[PDB]
file run-v4.csv (CSV, C-alpha atoms and all ligand atoms)
chain,number,residue,atom,x,y,z
A,2,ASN,CA,0.0,0.0,0.0
A,3,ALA,CA,1.2,3.5,-1.0
A,4,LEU,CA,-0.1,4.9,2.2
A,5,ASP,CA,3.2,3.9,4.0
A,6,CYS,CA,5.7,4.5,1.2
A,7,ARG,CA,8.7,6.8,1.9
A,8,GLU,CA,7.4,9.8,0.1
A,9,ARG,CA,3.9,9.6,1.6
A,10,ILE,CA,5.3,9.3,5.1
A,11,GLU,CA,7.7,12.2,4.5
A,12,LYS,CA,4.8,14.4,3.4
A,13,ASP,CA,2.7,13.2,6.3
A,14,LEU,CA,5.6,14.4,8.6
A,15,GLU,CA,5.8,17.8,6.9
A,16,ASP,CA,2.1,18.2,7.3
A,17,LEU,CA,2.1,17.2,11.0
A,18,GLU,CA,4.9,19.7,11.7
A,19,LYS,CA,2.8,22.5,10.2
A,20,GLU,CA,-0.2,21.4,12.2
A,21,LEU,CA,1.8,21.3,15.5
A,22,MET,CA,3.2,24.8,14.8
A,23,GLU,CA,-0.4,25.9,14.2
A,24,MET,CA,-1.5,24.6,17.5
A,25,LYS,CA,1.5,26.2,19.2
A,26,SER,CA,0.2,29.5,17.8
A,27,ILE,CA,-2.7,29.6,20.3
A,28,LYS,CA,-3.0,29.4,24.0
A,29,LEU,CA,-3.2,25.8,25.1
A,30,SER,CA,-3.8,24.4,28.6
A,31,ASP,CA,-1.0,22.5,30.3
A,32,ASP,CA,-2.8,19.3,29.5
A,33,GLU,CA,-3.2,20.2,25.9
A,34,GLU,CA,0.5,21.0,25.8
A,35,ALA,CA,1.2,17.5,27.1
A,36,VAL,CA,-0.8,16.2,24.1
A,37,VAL,CA,1.4,18.3,21.8
A,38,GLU,CA,4.5,16.8,23.5
A,39,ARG,CA,3.2,13.3,23.0
A,40,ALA,CA,2.5,14.0,19.3
A,41,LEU,CA,6.1,15.3,18.9
A,42,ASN,CA,7.4,12.1,20.6
A,43,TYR,CA,5.5,10.1,18.0
A,44,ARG,CA,6.7,12.3,15.2
A,45,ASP,CA,10.3,11.5,16.3
A,46,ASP,CA,9.4,7.8,16.5
A,47,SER,CA,7.9,7.9,13.0
A,48,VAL,CA,11.2,9.4,11.7
A,49,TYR,CA,13.2,6.7,13.5
A,50,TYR,CA,11.3,3.8,12.0
A,51,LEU,CA,11.3,5.4,8.6
A,52,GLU,CA,15.1,5.8,8.8
A,53,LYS,CA,15.4,2.1,9.9
A,54,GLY,CA,13.2,1.0,6.9
A,55,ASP,CA,10.2,-0.1,9.0
A,56,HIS,CA,7.4,1.7,7.1
A,57,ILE,CA,4.5,0.0,8.8
A,58,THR,CA,5.6,1.1,12.3
A,59,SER,CA,6.6,4.5,11.0
A,60,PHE,CA,3.1,4.9,9.4
A,61,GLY,CA,1.4,3.8,12.7
A,62,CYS,CA,3.4,6.4,14.6
A,63,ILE,CA,2.6,9.3,12.3
A,64,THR,CA,-1.1,8.5,12.1
A,65,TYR,CA,-1.3,8.2,15.9
A,66,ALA,CA,0.4,11.6,16.2
A,67,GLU,CA,-2.0,13.0,13.6
A,68,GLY,CA,-4.9,11.7,15.7
A,69,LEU,CA,-3.5,13.4,18.8
A,70,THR,CA,-3.0,16.6,17.0
A,71,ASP,CA,-6.3,16.7,14.9
A,72,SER,CA,-8.2,16.2,18.1
A,73,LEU,CA,-6.7,19.4,19.6
A,74,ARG,CA,-7.4,21.2,16.4
A,75,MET,CA,-11.1,20.2,16.5
A,76,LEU,CA,-11.3,21.4,20.2
A,77,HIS,CA,-10.2,24.8,19.0
A,78,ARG,CA,-12.4,26.2,16.3
A,79,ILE,CA,-10.4,29.0,14.6
A,80,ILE,CA,-13.2,31.4,15.3
A,81,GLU,CA,-13.2,30.6,19.1
A,82,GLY,CA,-11.4,33.7,20.4
B,3,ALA,CA,3.8,-7.0,12.8
B,4,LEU,CA,1.6,-4.2,14.3
B,5,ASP,CA,-0.8,-4.6,11.4
B,6,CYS,CA,-1.4,-8.3,11.5
B,7,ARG,CA,-5.0,-9.4,11.8
B,8,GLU,CA,-4.8,-10.6,15.4
B,9,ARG,CA,-3.3,-7.3,16.5
B,10,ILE,CA,-5.8,-5.1,14.7
B,11,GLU,CA,-8.7,-7.2,16.1
B,12,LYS,CA,-7.4,-6.7,19.6
B,13,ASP,CA,-6.8,-2.9,18.9
B,14,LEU,CA,-10.5,-2.7,17.7
B,15,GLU,CA,-11.9,-4.4,20.8
B,16,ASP,CA,-9.8,-2.2,23.1
B,17,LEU,CA,-10.8,1.0,21.3
B,18,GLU,CA,-14.5,0.0,21.4
B,19,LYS,CA,-14.4,-0.2,25.2
B,20,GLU,CA,-12.5,3.1,25.5
B,21,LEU,CA,-15.0,4.9,23.2
B,22,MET,CA,-18.1,3.5,24.9
B,23,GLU,CA,-16.8,4.8,28.2
B,24,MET,CA,-15.9,8.2,26.7
B,25,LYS,CA,-19.3,8.3,25.0
B,26,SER,CA,-21.1,8.2,28.4
B,27,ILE,CA,-19.5,11.0,30.3
B,28,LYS,CA,-20.3,14.8,30.0
B,29,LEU,CA,-18.5,16.0,26.8
B,30,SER,CA,-18.4,19.4,25.2
B,31,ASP,CA,-19.9,19.7,21.8
B,32,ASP,CA,-16.3,19.9,20.4
B,33,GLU,CA,-15.4,16.7,22.2
B,34,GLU,CA,-18.5,15.0,20.8
B,35,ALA,CA,-17.2,15.8,17.3
B,36,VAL,CA,-13.9,14.1,18.2
B,37,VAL,CA,-15.6,11.0,19.7
B,38,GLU,CA,-17.8,10.7,16.6
B,39,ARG,CA,-14.7,10.9,14.3
B,40,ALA,CA,-13.0,8.3,16.4
B,41,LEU,CA,-16.0,5.9,16.1
B,42,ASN,CA,-16.1,6.6,12.4
B,43,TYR,CA,-12.5,5.7,12.0
B,44,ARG,CA,-12.8,2.6,14.1
B,45,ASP,CA,-15.7,1.6,11.7
B,46,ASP,CA,-13.4,2.3,8.7
B,47,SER,CA,-10.7,0.1,10.3
B,48,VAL,CA,-13.3,-2.7,10.7
B,49,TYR,CA,-14.3,-2.3,7.0
B,50,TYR,CA,-10.7,-2.4,5.6
B,51,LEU,CA,-9.8,-5.3,7.8
B,52,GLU,CA,-12.7,-7.3,6.3
B,53,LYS,CA,-11.4,-6.4,2.9
B,54,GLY,CA,-7.8,-7.6,3.8
B,55,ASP,CA,-6.3,-4.1,3.5
B,56,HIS,CA,-4.2,-4.4,6.6
B,57,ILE,CA,-2.1,-1.2,6.2
B,58,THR,CA,-5.2,0.9,5.6
B,59,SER,CA,-7.1,-0.7,8.5
B,60,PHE,CA,-4.1,-0.1,10.7
B,61,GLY,CA,-3.9,3.5,9.7
B,62,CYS,CA,-7.5,4.0,10.5
B,63,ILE,CA,-7.3,2.4,14.0
B,64,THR,CA,-4.1,4.2,15.0
B,65,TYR,CA,-5.6,7.5,13.9
B,66,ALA,CA,-8.7,6.7,16.0
B,67,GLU,CA,-6.5,5.8,19.0
B,68,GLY,CA,-4.8,9.1,18.8
B,69,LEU,CA,-8.1,11.0,18.7
B,70,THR,CA,-9.3,9.0,21.7
B,71,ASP,CA,-6.1,9.2,23.7
B,72,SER,CA,-6.0,12.9,23.3
B,73,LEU,CA,-9.4,13.2,25.0
B,74,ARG,CA,-8.3,10.8,27.7
B,75,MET,CA,-5.2,13.0,28.4
B,76,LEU,CA,-7.6,16.0,28.9
B,77,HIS,CA,-9.7,14.0,31.4
B,78,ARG,CA,-7.2,12.7,33.9
B,79,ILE,CA,-8.9,11.2,37.0
B,80,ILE,CA,-6.5,13.0,39.2
B,81,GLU,CA,-5.8,16.3,37.4
B,82,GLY,CA,-3.0,17.7,39.6
C,101,LIG,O1,12.2,10.1,-0.7
C,101,LIG,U1,12.7,11.7,0.1
C,101,LIG,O2,13.2,13.2,0.8
C,102,LIG,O1,-6.8,4.4,22.0
C,102,LIG,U1,-6.0,4.1,23.6
C,102,LIG,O2,-5.2,3.9,25.2
call {"tool": "encode", "arguments": {"input": "run-v4.csv", "output": "structure tokens", "more": "lines below"}}
Ligand code: IUM
Ligand code: IUM
result
Amino acid sequence: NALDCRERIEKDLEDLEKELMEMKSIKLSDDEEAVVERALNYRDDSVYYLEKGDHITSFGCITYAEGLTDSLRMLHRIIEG
Amino acid sequence: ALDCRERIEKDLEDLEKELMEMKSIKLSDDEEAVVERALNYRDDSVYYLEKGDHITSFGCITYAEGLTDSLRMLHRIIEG
């Protein structure tokens, strides 16, 4: 499956990075900041497994991180302020 | 591997329990959207597993786990 090929994972990582920076652009609670930190840990893990050639684990890590991050984004409508 | 049938089946059973429990506490409207999305992605995982698309199923379940775990991290029993 092309979902876990190198180029797709790389682009997933780039997109996650932008999303994390986006969430860092607003005030988050300490608990939400802990979610961000966990997402960053899983980003780092995704990169590790990609670099070791384990695309399935890498893909799992990035999608988990995307879930963590997308939840935060959904809890903060951009028109919330 | 993390995406073998046995592992995905266990992931799906575990997530169902987590979601049923999250489903039945007081949630904000925004959190309800997240729970709905997690349930939808669990259903997608179930579907792709039936089709034998293990990578796709695995992506769906891990995404749903991330959505769900984020909520769990915002609802610590002992907040501190
Ligand atoms: O396959 U490249 O950066
Ligand atoms: O999806 U959970 O621990």
call {"tool": "residues_near_ligand", "arguments": {"input": "run-v4.csv", "ligand": "ligand LIG 101 (chain C)", "cutoff": "10 Å", "atoms": "all atoms listed in the file", "output": "MDAnalysis selection string"}}
result
chainID A and resid 6:12
call {"tool": "write_last_selection", "arguments": {"input": "run-v4.csv", "atoms": "C-alpha atoms", "output": "PDB file, keeping the file's coordinate frame"}}
result
ATOM      1  CA  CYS A   6       5.700   4.500   1.200  1.00  0.00           C
ATOM      2  CA  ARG A   7       8.700   6.800   1.900  1.00  0.00           C
ATOM      3  CA  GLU A   8       7.400   9.800   0.100  1.00  0.00           C
ATOM      4  CA  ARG A   9       3.900   9.600   1.600  1.00  0.00           C
ATOM      5  CA  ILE A  10       5.300   9.300   5.100  1.00  0.00           C
ATOM      6  CA  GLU A  11       7.700  12.200   4.500  1.00  0.00           C
ATOM      7  CA  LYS A  12       4.800  14.400   3.400  1.00  0.00           C
TER       8      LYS A  12
END
call {"tool": "residues_around", "arguments": {"input": "run-v4.csv", "residues": "region 24-32 of chain A", "least_positions_apart": "6", "cutoff": "9 Å", "atoms": "all atoms listed in the file", "output": "PyMOL selection string"}}
result
(chain A and resi 70+73-74+77) or (chain B and resi 75-77+81)
call {"tool": "closest_atom_pairs", "arguments": {"input": "run-v4.csv", "of": "chain A", "to": "chain B", "cutoff": "8 Å", "atoms": "all atoms listed in the file", "output": "JSON lines"}}
result
{"residue": "A:2", "atom": "CA", "partner": "B:57", "partner_atom": "CA", "distance": 6.7}
{"residue": "A:4", "atom": "CA", "partner": "B:58", "partner_atom": "CA", "distance": 7.3}
{"residue": "A:5", "atom": "CA", "partner": "B:57", "partner_atom": "CA", "distance": 7.7}
{"residue": "A:32", "atom": "CA", "partner": "B:76", "partner_atom": "CA", "distance": 5.9}
{"residue": "A:33", "atom": "CA", "partner": "B:76", "partner_atom": "CA", "distance": 6.8}
{"residue": "A:35", "atom": "CA", "partner": "B:75", "partner_atom": "CA", "distance": 7.9}
{"residue": "A:36", "atom": "CA", "partner": "B:72", "partner_atom": "CA", "distance": 6.2}
{"residue": "A:57", "atom": "CA", "partner": "B:57", "partner_atom": "CA", "distance": 7.2}
{"residue": "A:58", "atom": "CA", "partner": "B:4", "partner_atom": "CA", "distance": 6.9}
{"residue": "A:60", "atom": "CA", "partner": "B:61", "partner_atom": "CA", "distance": 7.1}
{"residue": "A:61", "atom": "CA", "partner": "B:64", "partner_atom": "CA", "distance": 6.0}
{"residue": "A:62", "atom": "CA", "partner": "B:64", "partner_atom": "CA", "distance": 7.8}
{"residue": "A:64", "atom": "CA", "partner": "B:65", "partner_atom": "CA", "distance": 4.9}
{"residue": "A:65", "atom": "CA", "partner": "B:68", "partner_atom": "CA", "distance": 4.6}
{"residue": "A:66", "atom": "CA", "partner": "B:68", "partner_atom": "CA", "distance": 6.3}
{"residue": "A:67", "atom": "CA", "partner": "B:65", "partner_atom": "CA", "distance": 6.6}
{"residue": "A:68", "atom": "CA", "partner": "B:68", "partner_atom": "CA", "distance": 4.0}
{"residue": "A:69", "atom": "CA", "partner": "B:68", "partner_atom": "CA", "distance": 4.5}
{"residue": "A:70", "atom": "CA", "partner": "B:69", "partner_atom": "CA", "distance": 7.8}
{"residue": "A:71", "atom": "CA", "partner": "B:69", "partner_atom": "CA", "distance": 7.1}
{"residue": "A:72", "atom": "CA", "partner": "B:69", "partner_atom": "CA", "distance": 5.2}
{"residue": "A:73", "atom": "CA", "partner": "B:72", "partner_atom": "CA", "distance": 7.5}
{"residue": "A:75", "atom": "CA", "partner": "B:32", "partner_atom": "CA", "distance": 6.5}
{"residue": "A:76", "atom": "CA", "partner": "B:32", "partner_atom": "CA", "distance": 5.2}
{"residue": "A:77", "atom": "CA", "partner": "B:32", "partner_atom": "CA", "distance": 7.9}
call {"tool": "axis_aligned_box", "arguments": {"input": "run-v4.csv", "around": "region 38-52 of chain B", "padding_each_side": "3 Å", "output": "AutoDock Vina command-line options"}}
result
--center_x -13.8 --center_y 1.8 --center_z 11.1 --size_x 14.0 --size_y 24.2 --size_z 17.0
call {"tool": "atom_distance", "arguments": {"input": "run-v4.csv", "atom1": "CA of residue 38 (chain B)", "atom2": "CA of residue 25 (chain B)"}}
result
8.9 Å
call {"tool": "atom_distance", "arguments": {"input": "run-v4.csv", "atom1": "CA of residue 49 (chain B)", "atom2": "CA of residue 20 (chain B)"}}
result
19.4 Å
call {"tool": "closest_residue", "arguments": {"input": "run-v4.csv", "among": "B:79, B:44, B:8, B:26", "to": "ligand LIG 102 (chain C)", "atoms": "only C-alpha atoms and all ligand atoms"}}
result
B:44
call {"tool": "atom_distance", "arguments": {"input": "run-v4.csv", "atom1": "CA of residue 53 (chain A)", "atom2": "CA of residue 3 (chain A)"}}
result
18.0 Å
call {"tool": "residues_around", "arguments": {"input": "run-v4.csv", "residues": "residue 51 (chain B)", "least_positions_apart": "5", "cutoff": "8 Å", "atoms": "only C-alpha atoms", "output": "JSON, numbers by chain"}}
result
{"B": [7, 10, 56, 59]}
call {"tool": "closest_residue", "arguments": {"input": "run-v4.csv", "among": "B:16, B:48, B:22, B:41", "to": "ligand LIG 102 (chain C)", "atoms": "all atoms listed in the file"}}
result
B:16
call {"tool": "closest_residue", "arguments": {"input": "run-v4.csv", "among": "B:52, B:45, B:11, B:18", "to": "ligand LIG 102 (chain C)", "atoms": "all atoms listed in the file"}}
result
B:18
call {"tool": "closest_residue", "arguments": {"input": "run-v4.csv", "among": "A:80, A:13, A:23, A:34", "to": "residue 47 (chain A)", "atoms": "only C-alpha atoms"}}
result
A:13
call {"tool": "decode", "arguments": {"input": "run-v4.csv", "residues": "region 16-46 of chain A", "atoms": "N, CA, C and O atoms", "output": "PDB file, in the first residue's frame"}}
result
ATOM      1  N   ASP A  16       3.390  17.719   7.000  1.00  0.00           N
ATOM      2  CA  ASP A  16       2.074  18.244   7.305  1.00  0.00           C
ATOM      3  C   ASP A  16       1.808  18.260   8.807  1.00  0.00           C
ATOM      4  O   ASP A  16       1.249  19.230   9.324  1.00  0.00           O
ATOM      5  N   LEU A  17       2.231  17.216   9.513  1.00  0.00           N
ATOM      6  CA  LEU A  17       2.090  17.175  10.967  1.00  0.00           C
ATOM      7  C   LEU A  17       2.873  18.310  11.622  1.00  0.00           C
ATOM      8  O   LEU A  17       2.376  18.952  12.546  1.00  0.00           O
ATOM      9  N   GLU A  18       4.084  18.569  11.133  1.00  0.00           N
ATOM     10  CA  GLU A  18       4.890  19.659  11.673  1.00  0.00           C
ATOM     11  C   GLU A  18       4.166  20.998  11.557  1.00  0.00           C
ATOM     12  O   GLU A  18       4.166  21.802  12.501  1.00  0.00           O
ATOM     13  N   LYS A  19       3.529  21.241  10.414  1.00  0.00           N
ATOM     14  CA  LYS A  19       2.797  22.492  10.220  1.00  0.00           C
ATOM     15  C   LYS A  19       1.611  22.585  11.161  1.00  0.00           C
ATOM     16  O   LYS A  19       1.315  23.647  11.720  1.00  0.00           O
ATOM     17  N   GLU A  20       0.937  21.464  11.355  1.00  0.00           N
ATOM     18  CA  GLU A  20      -0.214  21.423  12.228  1.00  0.00           C
ATOM     19  C   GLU A  20       0.163  21.640  13.691  1.00  0.00           C
ATOM     20  O   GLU A  20      -0.557  22.316  14.436  1.00  0.00           O
ATOM     21  N   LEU A  21       1.302  21.085  14.095  1.00  0.00           N
ATOM     22  CA  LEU A  21       1.784  21.277  15.456  1.00  0.00           C
ATOM     23  C   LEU A  21       2.174  22.735  15.689  1.00  0.00           C
ATOM     24  O   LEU A  21       1.898  23.294  16.752  1.00  0.00           O
ATOM     25  N   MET A  22       2.798  23.359  14.698  1.00  0.00           N
ATOM     26  CA  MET A  22       3.162  24.765  14.832  1.00  0.00           C
ATOM     27  C   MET A  22       1.912  25.624  14.878  1.00  0.00           C
ATOM     28  O   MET A  22       1.855  26.633  15.574  1.00  0.00           O
ATOM     29  N   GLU A  23       0.893  25.200  14.145  1.00  0.00           N
ATOM     30  CA  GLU A  23      -0.374  25.891  14.158  1.00  0.00           C
ATOM     31  C   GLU A  23      -0.989  25.843  15.560  1.00  0.00           C
ATOM     32  O   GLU A  23      -1.446  26.851  16.089  1.00  0.00           O
ATOM     33  N   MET A  24      -0.960  24.679  16.200  1.00  0.00           N
ATOM     34  CA  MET A  24      -1.523  24.575  17.544  1.00  0.00           C
ATOM     35  C   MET A  24      -0.693  25.344  18.570  1.00  0.00           C
ATOM     36  O   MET A  24      -1.235  25.882  19.539  1.00  0.00           O
ATOM     37  N   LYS A  25       0.613  25.437  18.342  1.00  0.00           N
ATOM     38  CA  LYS A  25       1.479  26.216  19.223  1.00  0.00           C
ATOM     39  C   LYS A  25       1.246  27.717  19.066  1.00  0.00           C
ATOM     40  O   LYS A  25       1.737  28.510  19.873  1.00  0.00           O
ATOM     41  N   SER A  26       0.502  28.104  18.029  1.00  0.00           N
ATOM     42  CA  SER A  26       0.200  29.514  17.767  1.00  0.00           C
ATOM     43  C   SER A  26      -0.950  30.058  18.608  1.00  0.00           C
ATOM     44  O   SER A  26      -1.265  31.251  18.537  1.00  0.00           O
ATOM     45  N   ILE A  27      -1.595  29.193  19.383  1.00  0.00           N
ATOM     46  CA  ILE A  27      -2.682  29.631  20.254  1.00  0.00           C
ATOM     47  C   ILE A  27      -2.430  29.197  21.691  1.00  0.00           C
ATOM     48  O   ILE A  27      -1.587  28.334  21.954  1.00  0.00           O
ATOM     49  N   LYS A  28      -3.152  29.791  22.633  1.00  0.00           N
ATOM     50  CA  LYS A  28      -2.977  29.402  24.023  1.00  0.00           C
ATOM     51  C   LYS A  28      -3.612  28.041  24.285  1.00  0.00           C
ATOM     52  O   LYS A  28      -4.798  27.826  24.023  1.00  0.00           O
ATOM     53  N   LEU A  29      -2.798  27.126  24.794  1.00  0.00           N
ATOM     54  CA  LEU A  29      -3.226  25.774  25.110  1.00  0.00           C
ATOM     55  C   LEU A  29      -3.094  25.583  26.606  1.00  0.00           C
ATOM     56  O   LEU A  29      -2.214  26.189  27.235  1.00  0.00           O
ATOM     57  N   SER A  30      -3.953  24.746  27.177  1.00  0.00           N
ATOM     58  CA  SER A  30      -3.828  24.389  28.590  1.00  0.00           C
ATOM     59  C   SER A  30      -2.585  23.537  28.779  1.00  0.00           C
ATOM     60  O   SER A  30      -2.027  23.024  27.812  1.00  0.00           O
ATOM     61  N   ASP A  31      -2.154  23.356  30.023  1.00  0.00           N
ATOM     62  CA  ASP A  31      -1.006  22.500  30.293  1.00  0.00           C
ATOM     63  C   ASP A  31      -1.264  21.086  29.788  1.00  0.00           C
ATOM     64  O   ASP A  31      -0.369  20.441  29.235  1.00  0.00           O
ATOM     65  N   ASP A  32      -2.490  20.611  29.967  1.00  0.00           N
ATOM     66  CA  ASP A  32      -2.845  19.262  29.522  1.00  0.00           C
ATOM     67  C   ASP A  32      -2.788  19.133  28.008  1.00  0.00           C
ATOM     68  O   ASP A  32      -2.340  18.111  27.472  1.00  0.00           O
ATOM     69  N   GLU A  33      -3.259  20.156  27.311  1.00  0.00           N
ATOM     70  CA  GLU A  33      -3.162  20.169  25.855  1.00  0.00           C
ATOM     71  C   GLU A  33      -1.708  20.228  25.398  1.00  0.00           C
ATOM     72  O   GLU A  33      -1.323  19.582  24.420  1.00  0.00           O
ATOM     73  N   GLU A  34      -0.883  20.983  26.113  1.00  0.00           N
ATOM     74  CA  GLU A  34       0.542  21.031  25.812  1.00  0.00           C
ATOM     75  C   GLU A  34       1.191  19.651  25.965  1.00  0.00           C
ATOM     76  O   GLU A  34       2.116  19.312  25.227  1.00  0.00           O
ATOM     77  N   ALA A  35       0.691  18.849  26.898  1.00  0.00           N
ATOM     78  CA  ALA A  35       1.189  17.489  27.073  1.00  0.00           C
ATOM     79  C   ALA A  35       0.801  16.612  25.883  1.00  0.00           C
ATOM     80  O   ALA A  35       1.555  15.718  25.494  1.00  0.00           O
ATOM     81  N   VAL A  36      -0.369  16.867  25.303  1.00  0.00           N
ATOM     82  CA  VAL A  36      -0.780  16.151  24.096  1.00  0.00           C
ATOM     83  C   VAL A  36       0.149  16.519  22.951  1.00  0.00           C
ATOM     84  O   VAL A  36       0.597  15.649  22.204  1.00  0.00           O
ATOM     85  N   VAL A  37       0.463  17.805  22.818  1.00  0.00           N
ATOM     86  CA  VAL A  37       1.402  18.259  21.803  1.00  0.00           C
ATOM     87  C   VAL A  37       2.761  17.575  21.964  1.00  0.00           C
ATOM     88  O   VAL A  37       3.367  17.120  20.985  1.00  0.00           O
ATOM     89  N   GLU A  38       3.223  17.473  23.206  1.00  0.00           N
ATOM     90  CA  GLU A  38       4.507  16.835  23.455  1.00  0.00           C
ATOM     91  C   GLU A  38       4.473  15.363  23.067  1.00  0.00           C
ATOM     92  O   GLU A  38       5.440  14.838  22.513  1.00  0.00           O
ATOM     93  N   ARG A  39       3.364  14.684  23.341  1.00  0.00           N
ATOM     94  CA  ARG A  39       3.246  13.280  22.964  1.00  0.00           C
ATOM     95  C   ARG A  39       3.234  13.140  21.445  1.00  0.00           C
ATOM     96  O   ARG A  39       3.844  12.222  20.888  1.00  0.00           O
ATOM     97  N   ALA A  40       2.545  14.052  20.772  1.00  0.00           N
ATOM     98  CA  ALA A  40       2.531  14.036  19.315  1.00  0.00           C
ATOM     99  C   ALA A  40       3.942  14.214  18.750  1.00  0.00           C
ATOM    100  O   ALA A  40       4.336  13.532  17.803  1.00  0.00           O
ATOM    101  N   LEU A  41       4.717  15.120  19.349  1.00  0.00           N
ATOM    102  CA  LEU A  41       6.105  15.315  18.937  1.00  0.00           C
ATOM    103  C   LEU A  41       6.949  14.063  19.170  1.00  0.00           C
ATOM    104  O   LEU A  41       7.788  13.718  18.333  1.00  0.00           O
ATOM    105  N   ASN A  42       6.723  13.372  20.288  1.00  0.00           N
ATOM    106  CA  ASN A  42       7.414  12.117  20.551  1.00  0.00           C
ATOM    107  C   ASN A  42       7.113  11.121  19.442  1.00  0.00           C
ATOM    108  O   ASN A  42       8.005  10.444  18.944  1.00  0.00           O
ATOM    109  N   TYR A  43       5.846  11.028  19.051  1.00  0.00           N
ATOM    110  CA  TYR A  43       5.478  10.095  17.984  1.00  0.00           C
ATOM    111  C   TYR A  43       5.960  10.507  16.602  1.00  0.00           C
ATOM    112  O   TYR A  43       6.254   9.647  15.773  1.00  0.00           O
ATOM    113  N   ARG A  44       6.070  11.810  16.355  1.00  0.00           N
ATOM    114  CA  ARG A  44       6.746  12.314  15.165  1.00  0.00           C
ATOM    115  C   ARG A  44       8.179  11.791  15.133  1.00  0.00           C
ATOM    116  O   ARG A  44       8.624  11.242  14.120  1.00  0.00           O
ATOM    117  N   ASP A  45       8.894  11.955  16.249  1.00  0.00           N
ATOM    118  CA  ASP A  45      10.289  11.523  16.328  1.00  0.00           C
ATOM    119  C   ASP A  45      10.384  10.019  16.132  1.00  0.00           C
ATOM    120  O   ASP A  45      11.298   9.527  15.463  1.00  0.00           O
ATOM    121  N   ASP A  46       9.434   9.279  16.706  1.00  0.00           N
ATOM    122  CA  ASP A  46       9.404   7.827  16.530  1.00  0.00           C
ATOM    123  C   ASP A  46       9.141   7.457  15.073  1.00  0.00           C
ATOM    124  O   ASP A  46       9.769   6.552  14.545  1.00  0.00           O
TER     125      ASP A  46
END
